[PDB]
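Reminder, nothing fancy here: chain letters follow the sequence lines and each chain counts from 1.
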Amino acid sequence: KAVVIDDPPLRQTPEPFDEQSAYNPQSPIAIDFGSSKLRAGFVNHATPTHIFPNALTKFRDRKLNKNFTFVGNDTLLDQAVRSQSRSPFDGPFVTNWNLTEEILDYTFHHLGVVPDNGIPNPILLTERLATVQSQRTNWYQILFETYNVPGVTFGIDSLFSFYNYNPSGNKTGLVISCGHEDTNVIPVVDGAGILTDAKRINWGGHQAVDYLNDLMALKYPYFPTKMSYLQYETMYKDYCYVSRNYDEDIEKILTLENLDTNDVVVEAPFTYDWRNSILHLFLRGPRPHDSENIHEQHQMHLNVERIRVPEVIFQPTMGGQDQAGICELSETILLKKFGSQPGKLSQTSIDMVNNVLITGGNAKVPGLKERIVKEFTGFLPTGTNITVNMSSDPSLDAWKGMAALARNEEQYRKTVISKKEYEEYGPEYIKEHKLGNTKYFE
Amino acid sequence: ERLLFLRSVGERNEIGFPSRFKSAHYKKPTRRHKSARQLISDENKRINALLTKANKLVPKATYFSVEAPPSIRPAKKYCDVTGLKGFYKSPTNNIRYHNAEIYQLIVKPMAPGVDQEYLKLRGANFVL
Amino acid sequence: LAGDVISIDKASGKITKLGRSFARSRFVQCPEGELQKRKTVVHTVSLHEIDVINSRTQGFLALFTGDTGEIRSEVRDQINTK
Amino acid sequence: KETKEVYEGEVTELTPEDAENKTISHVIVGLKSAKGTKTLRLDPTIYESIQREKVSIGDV
């Protein structure tokens, strides 16, 4: 078998800008303020019009007033402008406000919306679960006394995806979302998320790429070239899958017959027997090491532990967080809450088992659904029908969620927080609608 | 010669200091660059202030009640460098290793200051 | 105590003291590496021993005391079929 | 002709219900294998045999 090489750089988009001047002054605007991808579009369209990496930069250019290529896909023309392109999103919260104003101004330019006072359209926001009150007050500020939006409402994007795949609005289910920086498990009864019993794991997919960076740097402390973080996402989203059973795989993952098909070798760009030695199998794979070759110094020999990176959402103790995995959280939800005991299931628990949805940008790792359904049938009673639902692309289905909430008129008008209600009630106010957040107390 | 291409694509999205998506009474503030660390703790300060001013009130859904509890089953122990089963833990630097060859080639000749990263990946970095 | 070469069977919970190591202060050398090793044991058990074992009224002490006392034929047929 | 029925697996719950009339009424035992779990009601004789075998939570 001839050993192949894998160059990881990602290409540059040559056409960044596309917008239309014709627009509807009464149709609302649906935007998903994702940690990884900004999504933008109208209401009448089924698919989101604009997909962006939610990042912006401040390019300093001499003799042209030092302010160019600010927001969006314009950073994707050159690697130099994409290098310092600062996504303002921290772990839980975005950080800078003028940056987010520039994101909103750029995307409002990209629907061709003309001024009419501030903005003549209602907005459709996505809000993270258990949001800090200061964030929601400053969100109220940056809509109302910044853009003059008449209609604001926001909710959990996983609940939006559940409403998208269950448009009836009164179904019972369990949604397991894995976002860029956060994963959570939320039970929905009668269309209403019982956030009181929802749980959260602080891993997401950003910490998975950070874990791969830390692993592959600790494996090779003397690597010649600096491995870029974008290339870490690139070779994470390509060679990482979830095993069916993690316990019996790691005792097989470094055998000689398994290394022929499991191991893929990546190549970084530039310009005493080894068979009995399992350190040679771990470091240099099923091929003998040529220490004089300039390729083998740059050979980024991954895939020996490609199972370890996506498994950590089931065992968060390998990631450093002392939290029970989504398997244990689903077990506690389906076997200890809503009147259900270990041994007999309530009807709500059976309906929740019969409708399980997984979504998010980190859900497109292969082997997730089979592992989820095998682990679910591990602890559930025999004969209980388990249905796990998946999307073709589970990252942008939340946008279809607020689109489906926008098509429904009477379900739109329950959740609308207006300017007048904000003015009489102050910025400390939460509409306890079912498709979103709730009060901190009773 | 690709610099003028960059100014050409940048010569389409200027937003003036009076922005055209403004509410005509917009006054941008000088709010500080708040990090993601102290926001959790001053929410926590707000919650203790509210509960001490109320009890002299069970919370429904805050950022802390949403947190998943730690697991009740014992966690599987893994090798700190190879990722396989960790049968043994070295008594000196507290690294869990796989077998004899990893112990003699990695764990024993490990320099001081290299154990902290291996424990930090597991979340056991005791050095603060 | 400290300085003892021992052997532990994890499943049966049996600890055998192989002896004191080379500490000057019986004496047995320090064993080779790769702790928790698979050991292949080959047992040759005579058919009379399995006949004594399968006879529920006969313990294996009758293999040493000698009072097996006319093992029934049906036990031997079950042993032959097994 | 006879039947052989076997319950195999790991004990998840072992709750003895007393209902005195000191003496246990019954015991609820939850077994679990890779195809799922199953709950059984057992008389105190089988509970006596279970406590004979030093069976705790988590034992196949």
### Message
Between A/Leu195 and B/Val66, does the side-chain contact (heavy atoms from CB on, under 4.5 Å) criterion hold? Intermediate values first, please.
### Response
CA-CA 8 Å; A/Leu195 299 197; B/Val66 152; 5.8 Å; no

### Under 4.5 Å from any heavy atom of chain B - which part of A/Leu215
both

### Message
Under 4.5 Å from any heavy atom of chain B, what part of A/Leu279 do you find: side chain, backbone, both or neither?
### Response
both

### Query
With respect to chain B, which residue among A/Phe70, A/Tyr106, A/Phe108, A/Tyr147 yields the maximal number of heavy-atom pairs within a distance under 4.5 Å?
A/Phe108

### Task
Could you tell me whether a side-chain N or O of A/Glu145 sits under 3.5 Å from a main-chain N or O of B/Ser23, the two making a donor and an acceptor?
no

### Query
Does A/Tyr440 have its ring centroid less than 6.0 Å away from the ring centroid of B/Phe64?
no

### Message
Heavy-atom cut-off 4.5 Å, strictly under: side chain, backbone, both or neither for B/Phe21 against chain A?
### Response
both

### Task
Give, for atom OG of B/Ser19 and atom CG of A/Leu104, the distance between the pair rounded to the nearest 0.5 Å.
11.0 Å

### Task
For A/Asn276 and B/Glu101, test the side chains for any donor-to-acceptor distance below 3.5 angstrom and give the result as yes or no.
no

### Query
Atom CG in B/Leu121, atom CG in A/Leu218: separation rounded to 0.5 Å?
5.5 Å

### Query
So what's closer than 4.5 Å to chain A heavy atoms on B/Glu11: side chain, backbone, both or neither?
both

### Task
Give, as side chain, backbone, both or neither, the part of B/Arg2 having an atom under 4.5 angstrom from any heavy atom of chain A.
neither

## Note on the structure
Residues passing the side chain to side chain contact (heavy atoms under 4.5 Å, CB included) test with B/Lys77, sequence neighbours excluded, are B/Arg96

#### Entry: Residue selection (most heavy-atom pairs with chain B, distance under 4.5 Å) from A/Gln315, A/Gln141, A/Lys219
A/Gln315

### Message
Quick check on A/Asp197 against chain B: is it the side chain, the backbone, both or neither that has a heavy atom closer than 4.5 Å?
### Response
neither

### Task
Can you measure from CG (A/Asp90) to CG (B/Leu39) and round to the nearest 0.5 angstrom?
10.0 Å

### Query
Between B/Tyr63 and A/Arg200, do the side chains contain an N or O donor and an N or O acceptor separated by less than 3.5 Å?
yes

### Task
With a 4.5 angstrom heavy-atom cut-off, could you sort out which part of A/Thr196 is near chain B: side chain, backbone, both or neither?
both

### Query
Taking only residues two or more places apart in sequence, or in another chain, which ones meet A/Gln321 in a side chain to side chain donor-acceptor pair (under 3.5 Å)?
none

### Task
Pick one of side chain, backbone, both or neither for A/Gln207, based on which atoms fall under 4.5 Å of a heavy atom in chain B.
neither

### Message
Assess, by modelled atom type and distance only, whether the side chains of A/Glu101 and B/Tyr26 contain a donor and an acceptor separated by less than 3.5 Å.
### Response
yes

## Note on the structure
The reported gap from CZ in A/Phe282 to CG in B/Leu84 (rounded to nearest 0.5 angstrom) is 7.5 Å

### Message
Return the CG to CG distance between A/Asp78 and B/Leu6, rounded to the nearest 0.5 Å.
### Response
6.0 Å

### Query
Between B/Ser65 and chain A, which part of the residue has a heavy atom less than 4.5 Å away: side chain, backbone, both or neither?
backbone

### Query
Checking heavy atoms, do the side chain of B/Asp42, its backbone, both or neither come under 4.5 Å from chain A?
neither

### Query
B/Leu3 versus chain A, heavy atoms under 4.5 Å apart: side chain, backbone, both or neither?
neither

#### Entry: Heavy-atom pairs under 4.5 Å with chain B, option from A/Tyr211, A/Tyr246, A/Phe59 with the top count
A/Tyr246

### Summary
Whatever's closer than 4.5 Å to a heavy atom in chain B on A/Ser277 counts as both

#### Entry: Cationic N near anionic O, under 4.0 Å, B/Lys85 to A/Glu251
no

### Interatomic spacing from CG in B/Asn13 to NE2 in A/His109 - rounded to 0.5 Å
6.5 Å

### Message
What part of A/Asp247 gets within 4.5 angstrom of chain B, counting heavy atoms only: side chain, backbone, both, or neither?
### Response
side chain

